[PDB]
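To start, the structure under review is shown below, and the notes come after it.
Here the Cβ positions follow ideal geometry from the backbone for every residue, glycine too, while neighbour counts run over all protein chains shown. Just so you know, all these numbers are worked out from the coordinates, no wet-lab data involved.
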Amino acid sequence: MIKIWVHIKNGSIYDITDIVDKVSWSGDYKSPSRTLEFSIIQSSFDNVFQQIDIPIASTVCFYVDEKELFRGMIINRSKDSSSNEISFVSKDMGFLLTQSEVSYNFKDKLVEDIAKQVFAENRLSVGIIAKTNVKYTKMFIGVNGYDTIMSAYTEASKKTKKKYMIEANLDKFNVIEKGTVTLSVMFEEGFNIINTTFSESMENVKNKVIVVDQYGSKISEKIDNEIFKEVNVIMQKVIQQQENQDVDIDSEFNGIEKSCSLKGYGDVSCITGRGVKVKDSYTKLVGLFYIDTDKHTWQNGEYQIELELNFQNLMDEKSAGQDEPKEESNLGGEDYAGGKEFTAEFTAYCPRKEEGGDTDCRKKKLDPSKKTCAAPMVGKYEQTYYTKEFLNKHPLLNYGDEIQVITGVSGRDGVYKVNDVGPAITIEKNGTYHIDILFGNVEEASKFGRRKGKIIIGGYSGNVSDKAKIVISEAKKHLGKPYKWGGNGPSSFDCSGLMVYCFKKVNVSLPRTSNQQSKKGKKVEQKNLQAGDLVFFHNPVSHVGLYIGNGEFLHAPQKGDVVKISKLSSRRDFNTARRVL
Amino acid sequence: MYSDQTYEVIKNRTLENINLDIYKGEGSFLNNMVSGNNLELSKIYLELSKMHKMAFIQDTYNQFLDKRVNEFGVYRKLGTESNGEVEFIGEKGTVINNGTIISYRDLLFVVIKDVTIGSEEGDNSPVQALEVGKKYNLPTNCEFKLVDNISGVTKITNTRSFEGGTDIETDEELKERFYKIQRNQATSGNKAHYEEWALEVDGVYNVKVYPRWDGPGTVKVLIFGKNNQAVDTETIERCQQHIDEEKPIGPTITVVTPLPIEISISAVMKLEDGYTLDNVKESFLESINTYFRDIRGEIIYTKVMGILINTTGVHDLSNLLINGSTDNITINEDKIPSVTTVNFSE
Amino acid sequence: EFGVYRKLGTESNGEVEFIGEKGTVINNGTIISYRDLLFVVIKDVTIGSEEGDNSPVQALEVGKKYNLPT
Amino acid sequence: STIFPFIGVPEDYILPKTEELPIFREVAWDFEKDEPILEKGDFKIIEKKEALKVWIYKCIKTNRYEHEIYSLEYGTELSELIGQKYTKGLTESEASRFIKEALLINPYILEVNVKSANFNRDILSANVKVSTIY
């Protein structure tokens, strides 16, 4: 389903889909505007086949599947007397950039700001502009806006290792980087490919760079070995540096170019500036290509595409870097181990004043939401068979202990704290534990009754990592050492050298300066601070601390002070935290 | 290079070396004679390639790896069978003797001690796995079955989980342990080895060592748990055994745990309206135990009577005595202050 | 096998002098270069300050080539 | 990620692997009782031709569009022939086509042939020959 609408100057709007004979839609990466060509059936000999007229410079809109892809102005119009057809050529809005011609003087400006100013000077709407923190300095005299923006973004690309293009989509202007979007469709030989032609060329190869000063005399030269391995010949290039620029040689080298010319079946998503995937038939290998030129045609009820593709690299089988989703082993309550499992018998508890015992060990009113329970407490109820062997085999619990209770009921299973006091709450001879479950009303207790289950006690590690102990011990080993700026030896440490040494002792390499150290590892919050974390406070990280927990951390304060332990709250200036273990 | 050396290359070179006038090609006499042992040489080259791989220590497979580590003296660790206890339920008087085998699923276990059902010593007897492995660490409430039917026994079950099962140490673990042992340097000289070895044991956070605590040739190590608190007997035993395994000849090692110091607090106070002695007593107990958690070394009298006056519900104070005195209680190492008895009078 | 390890070398260390406008602060981690060699500043230094304009500097790579002269 | 193998592969470059399917394995199933089979207190696993037999039985026994969990490809339309809705020759053609198209979605099955077909009272008989990689 393709629809074409035309807006005429007076205010009339026509739907001309039933008259169109042929449609073509195309673009290239070396021009800022896309083009649309179509024909309609119109006869002057026959009165029946006379149609409306579409004057020059009227807007035409192109829809595919209820989506607008093109909006532009009509530029050419032609009529042949032999054939009953009228031909049109339309252009995108992007050609308005090359009409402008302004003189600028840019000093130490961001490339994005340069593009924004150019778009603002000759009034144009901006959709989105690619971000790059590269500063540029240039003098433009009698140059287009398009050329200005492209030159600035080429200079930015010399650092970002990227490619950029200018796209005018409907009524908006955009600057995007090529290949960021990769299409879902893949071209395979046995499925949707009509024909292909692969080529390789050597003509535009460069493997030597010569730099000359502003006077013509040569200063330095360089050869690229990897390209020279492929081609035995030396093909040199000469560039000139002025006084205020220091050129980078490695950007000027150019290698062998590999391309493909493809014709097949696809969707309207395959346009210039996107990445596509082509599968090799013989080796069953997939390669990634960037689209440079495209053309879509609708005619006689069939739709075909033609692309010019530029090869980037071979897609790695499975995952190249093997990115795994970094997750903790346990979402909550990590390193629970040592939890010996004992069979238990569960009894229901109702809070009644007449019966008594509603007070706990500390004589506070019981709260059903606490999920507290009654288990034997050392010295409360002792029978005759509670021998030392039996006690070591079946250990009695303590007040406030956290035990895992599994009654077999949804909601009645979980960690239970031993706080409630219950008469005749002991352990049988076989080892079954009497655990009294607290309830908030009579009905729930009556429903629960007496059941048999299992409980877990005395299981907990509460550690973070083995290397944390080593690092903490080493940091304590360097306590009281005389301070020295820029010293990283057991004799004296600066603020960052301490953790450099400590984490090097556990094979963890970090930036020498603490400012860069802030830019390593996962972010850590103040409430998520654990032993071994790194804490940074001032906007300049003059001293970084090693967080050991308990609101304390180890560091080298400054010159004149010695390595000691500081309380975290005393440092009101907290900024962020990182973890690298 | 052994890979390129192939039957075709060897044969071609051998034929080129021979200086005869006759025709050398497929189906000739000389070609037939030469071929046959060049194929064998091409066979031999692959074994020659593999030999240097199986020579080293990084990749020695299983048996030759055992020989190399036994040269270094490191032995492969074999598993130990799990240990557990089950209960026998049935008619009174049925006697279950040692060597009796019980079964759960396809695993087999042996009853260690003679046990009689309904006897005074109990119906629980030790259980040992017939084979090593981690798979024998059965959970609780597992119904065991008897291989040979003995009249009078109804049901076998375990009351706790099985523990002690260990698997066979593989090659990678052996190599890692060997590499860490050889890389590690352990001299007897400096005091740091003792604290290091103590720290190698889990459950320990702070370590203090006292040379010649009990005369020459005596060492007393002092381990501390989380927040410098008392460690369990298991961690103490593990630390003792590890330090013994790493200590050199000459010293004796003793490791102990902190002991609470008995503290008695007495005061005369005036309470606010609506507040009794018990509520302020509880609040003071909580605040003072928190302070004792945060305290280091000696106890300070001023903090004590400040925390007594800042309790909710107390209006005025007088005559606070800390263990019968107002002076600071200096606390030795490996000790903590604990409340014993409160004497508060309105 | 015998525990011996090769040594990759130690990075050259030094300190440089910042001459410029007063009030300009050089952030920790600012990168500088000496011909093909490159160096990083180790201290937050501000020009004209009572602390002086000198900041320690460490080479990014090991090698005796980074043992710079005066 | 550097080579360009579309015109030709470099002579030193080694192909990583040849692409083959793993050994087909499936939980064993008994046909006279329509149950999975338990062996030593666990599910018994068979492989290759017997597993393919189990899969074929399950695929034939199900209807095409009846269940929401399945896709539009899985199942068989043989239930539309019951009652002589079509003539006999059209029934034979449709049955052959249905069986072939239903079975050919398994990648381990290479070719299916429905050779014989006979009408006796209310029973239709046929012979199906399945060719696999094994």
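Using only alpha carbons, build the gyration tensor for chain B and give me the equivalent ellipsoid semi-axes, biggest first, whole Å. The partial results should precede the final answer.
Working: eigenvalues 1017, 276, 76 Å².
One finds semi-axes of 71, 37, 19 Å for chain B.
With the simple model of a label 7 Å out from the Cα in the direction of the Cβ, B:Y179 to A:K429 spans 5.7 nm. Cα centroids of segment A:471-524 and segment B:262-323: how far apart, whole angstrom? Each part's Cα centre sits 43 Å from the other's. The C-alpha atoms of chain B define a longest principal axis, and helix B:233-246 lies at about 50 degrees to it.
Only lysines eight or more places from D:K88 in sequence, or on another chain, were considered; those with a Cα closer than 19 Å are D:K100, D:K115. The chymotrypsin sites (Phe, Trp or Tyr not before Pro) of segment B:253-346 that DSSP puts in a loop, and whose beta carbon has at most 15 other beta carbons within 10 Å, are B:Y275. Considering only D:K33, D:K48, D:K58, the Gaussian network model of chain D with Cα springs below 10 Å gives its largest mean-square fluctuation to D:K33.
The distance separating the Cα centre of segment A:1-50 from that of segment A:128-168 comes to 35 Å. Taking the Cα atoms only, what angle lies between the long axis of helix A:466-477 and the longest principal axis of chain A, rounded to 10 degrees? It works out to around 80 degrees. One Cα centroid belongs to segment A:173-217, the other to segment A:248-269; the line between them spans 3 Å. Separation of the alpha carbons by more than 19 angstrom is noted, of B:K180/B:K247; B:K77/B:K180; B:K11/D:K17; A:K30/A:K67, for B:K11/D:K17; A:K30/A:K67. When the Cα gyration tensor is reduced to axis lengths a ≥ b ≥ c, the ratio a/c is 1.5 or higher for segment A:119-230, and with a/b not above b/c it is classed as oblate. Multiplying each eigenvalue of the alpha-carbon gyration tensor of segment B:92-212 by 5 and taking the square root yields semi-axes of 45, 20, 12 Å, largest first, rounded to whole angstroms.
Quick one: which of A:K131/A:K162; A:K318/D:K48; A:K481/A:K559; A:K364/A:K417; C:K7/C:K64 span more than 19 angstrom between C-alpha atoms? Show your work: numbers first, answer last.
Working: A:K131/A:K162 12 Å; A:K318/D:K48 27 Å; A:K481/A:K559 11 Å; A:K364/A:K417 14 Å; C:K7/C:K64 13 Å.
Too far apart for the 19 Å limit: A:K318/D:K48.
The C-alpha atoms of chain B define a longest principal axis, and helix B:277-294 lies at about 40 degrees to it. Per the Kirkwood formula applied to alpha carbons, chain C shows a radius of gyration over Rh ratio, Rg over Rh, of 1.14.
Strictly greater than 15 Å: what percent of every Cα pair in segment A:323-384 meets that?
Numbers: 1388 of 1891 pairs.
Every Cα pair in segment A:323-384 considered, those over 15 Å come to 73 percent.
Multiplying each eigenvalue of the alpha-carbon gyration tensor of segment B:186-278 by 5 and taking the square root yields semi-axes of 41, 15, 10 Å, largest first, rounded to whole angstroms. Just checking the listed ones, D:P36, D:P16, D:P107: in the Gaussian network model of chain D with Cα springs under 10 Å, the one fluctuating most is D:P16.
Across the cross-link table entries A:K484/A:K567; A:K469/B:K335; A:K22/A:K79; A:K163/A:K284, which are compared at the Cα atoms, the separations over 26 Å belong to A:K163/A:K284. Could you name the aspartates and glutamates whose alpha carbon sits less than 16 Å from that of A:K159, not counting residues in the same chain fewer than 8 places away? Result set, ordered by chain and number: A:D108, A:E112, A:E177, A:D246, A:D248, A:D250, A:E252.
Taking each DSSP H run with n ≥ 4 as -39500 (n - 2.57) and averaging over every residue of chain A yields -3500 deg cm²/dmol at 222 nm.
For A:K206, the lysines whose Cα falls under 19 Å of its own Cα, not counting residues fewer than eight places away in the same chain, are A:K158, A:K161, A:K218, A:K222, A:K229, A:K237, A:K258.
If you put +1 on each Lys and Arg Cβ and -1 on each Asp and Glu Cβ, how big is the dipole of chain A around its Cα centre, in Debye rounded to 20?
Values: 80 positive and 78 negative charges, 699 e Å.
Charge dipole, chain A, about its Cα centre: 3360 debye, nearest 20.
Rg ratio for chain A: its Cα radius of gyration over 2.2 N^0.38 Å, N being its residue count, equals 1.54. Coupling constants for segment A:315-320 follow from the phi torsions by the Karplus curve (6.51 cos²θ - 1.76 cosθ + 1.60, θ = phi - 60°), and in residue order they are 5, 6, 4, 6, 10, 5 Hz; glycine and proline get x. For a paramagnetic label modelled on B:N17 (point 7 Å from Cα along Cα→Cβ), amide N atoms under 20 Å away belong, within segment B:41-78, to B:41-49. Of the residues B:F56, B:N19, B:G36, the one whose Cα sits farthest toward the positive end of the charge dipole of segment B:1-76, with +1 on the Cβ of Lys and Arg and -1 on the Cβ of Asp and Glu, is B:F56. Taking amide H as placed 1.01 Å from N in the peptide plane, the amide H of B:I89 sits under 5 Å from that of B:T154, B:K155, each at least 5 places away or on another chain.
In a DSSP loop and with at most 10 other Cβ atoms within 10 Å, the GluC sites (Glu not before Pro) in segment A:29-93 are A:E66.
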